[PDB]
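A.B. asks: Residue numbers (the working numbering), protein chains in the order written: chain A, 1 to 50; chain B, 51 to 343; chain C, 344 to 495. Before we start, here is the structure in question, set down as structure tokens.
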Amino acid sequence: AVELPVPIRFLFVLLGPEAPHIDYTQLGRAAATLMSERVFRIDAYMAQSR
Amino acid sequence: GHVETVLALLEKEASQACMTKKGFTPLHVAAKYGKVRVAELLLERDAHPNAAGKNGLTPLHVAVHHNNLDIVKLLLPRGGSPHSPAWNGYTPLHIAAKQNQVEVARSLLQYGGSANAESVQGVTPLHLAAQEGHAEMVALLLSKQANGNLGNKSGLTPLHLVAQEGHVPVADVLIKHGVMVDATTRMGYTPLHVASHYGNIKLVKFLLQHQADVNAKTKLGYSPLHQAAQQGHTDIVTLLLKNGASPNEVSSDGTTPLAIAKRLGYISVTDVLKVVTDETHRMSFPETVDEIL
Amino acid sequence: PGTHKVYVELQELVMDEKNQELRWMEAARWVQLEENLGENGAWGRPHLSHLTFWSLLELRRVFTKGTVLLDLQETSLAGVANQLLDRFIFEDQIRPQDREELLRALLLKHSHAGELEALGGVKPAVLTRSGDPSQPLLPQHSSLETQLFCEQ
């Protein structure tokens with residue numbers, strides 16, 4: 001899925017129907033920005049539950 | 051492994067007490083190369099199972115070191131002692147615990163091997179098993195009266211050696227046994243100090259989940275957060291701050307976890323510790339084990 | 344043979360205060376006269392061996408049903424322990440489930456007075472079905488010979 005020679009660790013899958021106030025491009029941007037945050041990155045690496 | 055040649059030589063007054071330059075009897079050579087028929091024939095006719103040279107290595111030492119279970123299972127009933135120390139004080143159970151030879155260790159323990167036998171620097175087989183990350187070996191030793199709270203000459207516990215290398219499953223076994231999480235060395239280093247020093251964030255999380263002192267100080271006043279900042283581990287710095295680390299406590303040397311970051315020029319550690327630290331040449335190193343056989 | 348004099352050593356299965364680990368520590372020695380080992384690790388003055396009535400009674404009781412391995416062709420304690428534990432079983436003195444623990448205990452480290460200072464001391468112990476040391480349940484009696492010959 002990634003053309004880069006960087007290995008994949010995390011997968012984010014956000015699928016759904018068309019609903020008001022739901023922009024899936026913006027939802028993916030929010031998920032990616034959260035993944036890029038330092039504290040959430042470390043916490044996701046050390047997470048053992050949801 | 052020429053049994054007939056060995057028998058013919060022995061009938062003509064071949065001396066098994068002859069030793070090589072390394073210090074090996076013919077029983078040593080059989081134990082090194084796994085020749086169980088030769089070792090059986092030598093031990094049958096006047097062979098000392100606990101013969102050693104200048105290094106103090108016995109045939110049991112070289113059988114365990116080369117992982118010859120059949121030689122180990124043959125030397126033990128005939129006199130191969132589990133309590134034979136090498137030059138560095140290592141027993142045959144020291145070598146098995148380091149090399150993850152569980153079946154050899156069970157035979158060594160069954161014939162009276164001691165899991166708390168100490169090297170010249172206070173290192174036990176539990177120290178070597180925990181440092182090498184052998185969870186099954188540690189559990190075996192801990193069921194044979196191994197002391198998980200015992201420290202070496204520098205006070206390092208098996209949990210300290212787990213912290214240096216970073217094996218979560220071994221620390222799980224040790225903590226379930228009853229090992230003190232906040233054990234201190236001679237200079238006051240806790241396993242949280244060592245895990246933060248060596249960049250093992252998974253064990254830092256494990257230790258903090260088991261009530262480790264995030265603001266513990268050594269005799270020189272160094273926090274687990276000064277070790278992470280001194281060694282440049284930005285993610286340990288983040289995880290320690292989020293678990294209650296203080297960015298303003300100072301050490302006896304007069305440094306704060308940030309001044310140290312600025313001193314060795316760690317931009318990432320300085321950037322994170324700069325946000326949490328308010329406005330206002332000695333390096334701390336945990337003790338280590340230099341033992342090797 | 345013999346008939347002149349011998350050296351007899353008595354060792355008791357105990358646990359140390361350092362690691363709480365079972366081991367063998369010598370308690371007394373005999374060269375025609377008994378010397379007992381103190382808590383500090385120094386032997387007491389030699390004395391003529393006096394015995395208790397219960398000790399001789401129970402020694403006779405266990406000797407009448409004892410396992411005598413005579414002219415045994417072994418040269419190491421491991422082989423001697425193996426042979427005796429096998430005869431204990433052949434004569435219904437110890438069940439076969441006890442062999443592993445008894446061989447582990449009999450072949451433990453046989454420490455002496457020189458190693459007593461390195462350990463934290465010696466206290467009485469009892470072997471358990473596993474092989475973990477256990478603090479005796481009956482009221483432990485302090486040694487008479489230690490009291491009257493080693494407190495110096």
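All residues carry an ideal CB built from backbone N, CA and C; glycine is no exception.
#1: With 9 Å as the threshold, decide whether the Cβ of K252 of chain B is near any Cβ in chain A.
#2: Only counting the same chain, and skipping five residues up and downstream in sequence, which positions put a Cβ closer than 7 Å to that of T284 of chain B?
#3: Considering only residues of the same chain and omitting the five flanking positions on each side of residue 343 of chain C, which have a CB-CB separation below 7 Å?
#4: By a C-beta neighbour count over all protein chains shown, 10 Å radius and 16 as the cutoff for buried, is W367 of chain C buried or exposed?
#5: Cα separation between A30 of chain A and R38 of chain A?
#6: With 9 Å as the threshold, decide whether the Cβ of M35 of chain A is near any Cβ in chain B.
#7: Take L415 of chain C as the anchor and find which of C:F406, C:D429, C:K408 has the nearest alpha-carbon.
#8: List the residues of chain B whose Cβ lies closer than 7 Å to the Cβ of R38 of chain A, in chain order.
#9: Can you pull the chain C residues whose beta carbon is under 7 Å from the beta carbon of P127 of chain B, in chain order?
#10: Out of curiosity, what's the CA-to-CA distance linking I22 of chain A and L14 of chain A?
#11: Helix or strand or just coil, what does DSSP make of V357 of chain C?
#12: With a Cβ-Cβ cutoff of 9 Å, do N166 of chain B and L200 of chain B count as a contact?
#13: Cβ closer than 8 Å: which chain C residues qualify as neighbours of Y161 of chain B?
#14: Taking buried to mean at least 16 other C-beta atoms within 10 Å of its own C-beta, is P479 of chain C buried or exposed?
#15: Quick one: is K255 of chain B buried, meaning 16 or more other Cβ sit within 10 Å of its Cβ, or exposed?
#16: Relative to the alpha-carbon of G162 of chain B, which residue among B:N138, B:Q195, B:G183 has its alpha-carbon at the smallest distance?
#17: Spell out whether any CB of chain C is found under 9 Å from the CB atom of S296 of chain B.
#18: Using a threshold of 9 Å, state whether the C-beta atoms of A147 of chain B and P175 of chain B are closer than that.
#19: In the stretch 420 to 476 of chain C, which residue ranges form an unbroken alpha helix (DSSP H) of at least 4 residues, counting only runs that do not cross its ends?
#20: Leaving out five residues on either side along the sequence, give the residues of the same chain with a beta carbon under 8 Å from the beta carbon of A279 of chain B.
#21: Can you give me the C-alpha to C-alpha distance between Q259 of chain B and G183 of chain B, rounded to a whole angstrom?
#22: Under a Cβ-count criterion, where at least 16 other Cβ atoms within 10 Å of its own Cβ denotes burial, should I251 of chain B be classed as buried or exposed?
#23: Can you list, in chain order, the residues of its chain whose CB lies under 8 Å from that of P476 of chain C, leaving out five sequence neighbours each side?
#24: Throw me the rounded Cβ distance for the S301 of chain B and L275 of chain B pair, which I believe falls under 8 Å.
#25: Could you work out which residues of chain B lie near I42 of chain A, taking near to mean beta carbons separated by less than 7 Å?
#26: What's the gap between the Cα of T305 of chain B and the Cα of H243 of chain B?
#27: Nearest CA to the CA of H390 of chain C: which residue from C:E369, C:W397, C:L380?
#28: Mind checking whether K452 of chain C and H115 of chain B have CB atoms under 9 Å apart?
#29: Quick one, are the C-beta atoms of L290 of chain B and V264 of chain B less than 9 Å apart?
#30: Which of the residues in the stretch 353 to 375 of chain C, read from start to end, lie with their CB under 9 Å from any CB of chain B?
#31: Mapping the DSSP letters down to three states, classify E63 of chain B as helix, strand or coil.
#32: Pick helix, strand or coil for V351 of chain C, following the three-state DSSP scheme.
C.D. replies: Based on what the coordinates show:
#1: For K252 of chain B, a Cβ of chain A is located within less than 9 Å of the residue's own Cβ.
#2: Only residues of its own chain outside the window of five on either side were considered, and among them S318, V319, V322 have a CB closer than 7 Å to the CB of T284 of chain B, listed in chain order.
#3: With chain C covering only 344 through 495, there is no way to say anything about residue 343 of chain C.
#4: buried
#5: Looking at the two C-alpha atoms, the distance is approximately 14 Å.
#6: no
#7: C:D429
#8: By Cβ distance, chain B contributes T288.
#9: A421, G422, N425
#10: 11 Å
#11: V357 of chain C: strand per DSSP, three-state reduction.
#12: yes
#13: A421, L446, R447, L450
#14: Exposed, because fewer than 16 other Cβ atoms sit within 10 Å of the Cβ of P479 of chain C.
#15: Note on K255 of chain B: 16 or more other CB atoms within 10 angstroms of its CB, so buried under the neighbour-count rule.
#16: That would be B:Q195, whose Cα lies nearest to the Cα of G162 of chain B.
#17: No, no contact with chain C.
#18: yes
#19: 420 to 433, 442 to 449
#20: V287, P307, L308, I310, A311, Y316, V319, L323
#21: 20 Å
#22: buried
#23: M358, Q363, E364, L365, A468, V469, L470
#24: Going by Cβ atoms, the distance from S301 of chain B to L275 of chain B rounds to 11 Å, so no, they are not a contact pair.
#25: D285, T288, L289
#26: Each residue's alpha carbon lies about 17 Å from the other.
#27: Selection C:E369, C:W397, C:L380 evaluated against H390 of chain C yields C:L380 as nearest (Cα-Cα).
#28: no
#29: yes
#30: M358, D359, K361, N362, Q363, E364, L365, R366
#31: coil
#32: Correct three-state label for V351 of chain C: strand.
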